[PDB]
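Take a look at this single chain in structure tokens; it is the form deposited in one PDB entry.
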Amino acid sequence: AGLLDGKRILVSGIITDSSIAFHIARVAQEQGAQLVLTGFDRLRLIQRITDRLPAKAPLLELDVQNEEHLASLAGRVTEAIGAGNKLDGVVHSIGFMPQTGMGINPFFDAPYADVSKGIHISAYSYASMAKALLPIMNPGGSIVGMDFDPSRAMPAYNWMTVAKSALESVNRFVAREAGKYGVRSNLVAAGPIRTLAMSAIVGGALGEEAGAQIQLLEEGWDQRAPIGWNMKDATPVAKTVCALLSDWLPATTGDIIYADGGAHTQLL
């Protein structure tokens, strides 16, 4: 009797076992969901990592910048879940922004080619994925994407913040399309999490100053959050995504759910 008992859910974006998608996949499986996983580029590492999940799940290659992978996606998914079966949920946990547009590099020094790559992957692909999977989604279904609140500017996140603003707008339009299928589309706006790029920044990959800025932001986050914020725990975010994948938020669409300890509602 799990929250997602007998639901067929596609989960994208696992790279390491600290990926927000890894935790979403683990909680979904714990709550009775049957998963299809998608991975990018390093499918060998991804397979080794997905083998650690509580249950076996098919892993499919998906480069959201590749038109062939998107055109074949629904077919490859149907083959994995069985003919006659459709998805009940889709998790978009894909995001990237080159070093030139996120970190220490001046906001004015990011080349458009880099910004465009970041927007393609982090924002446009949310619509690309919905276009590919809505035809194989069941009514009452749910599409969830990952957001980082871009309503206020901040140090370091620069063009990744700009990409999240674009993602928020995309989600509102994806909801209009998803609604025709009786499917909801929402974003979970998470507080900062120590994933691959974040452990690299804090670790000094982009220099001391960038590392410091991130740590200061993580500190302020926990201060402002009335229930606190642990940047090392992705489980509260994973649980929130599963809530949206469930039938317990049935009148919420084109929306943003904040899993950030309540930090965005507090000034100081």
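Numbering starts at 1 and runs along the sequence shown. If you superpose the two forms and keep the largest set of C-alpha atoms that fall within 1.5 Å, you have the rigid core. Residues that one form lacks are left out of the comparison.
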query: Residue stretch of maximal mean CA temperature factor, 182 to 190 vs 68 to 76; finding: 68 to 76
query: 78 to 86 versus 168 to 176 - which carries the larger mean C-alpha B factor in the record; finding: 78 to 86
query: Candidate set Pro236, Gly220, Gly207, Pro226 [ranked by C-alpha B-factor, highest]; finding: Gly207
query: Third assignment of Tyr157 from its chain's C-alpha B-factors; finding: lowest
query: Within-chain third of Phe108 by Cα B-factor, per the entry; finding: middle
query: Modelled-residue ranking by C-alpha temperature factor, third containing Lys232; finding: lowest
query: Chain thirds of CA B-factor: placement of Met198; finding: middle
query: Third of the chain's Cα B-factor distribution that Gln47 belongs to, per the entry; finding: highest
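Not on display, but discussed next: the form deposited in another entry.
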{"item": "Residue from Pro54, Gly228, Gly207, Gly32 whose Cα, after superposing the rigid core, lies 2 Å or more away between this form and the one not shown", "value": "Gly207"}
{"item": "Superposed on the rigid core, segments between this form and the one not shown of at least 3 residues with Cα shifts of 2 Å or more", "value": "199 to 208"}
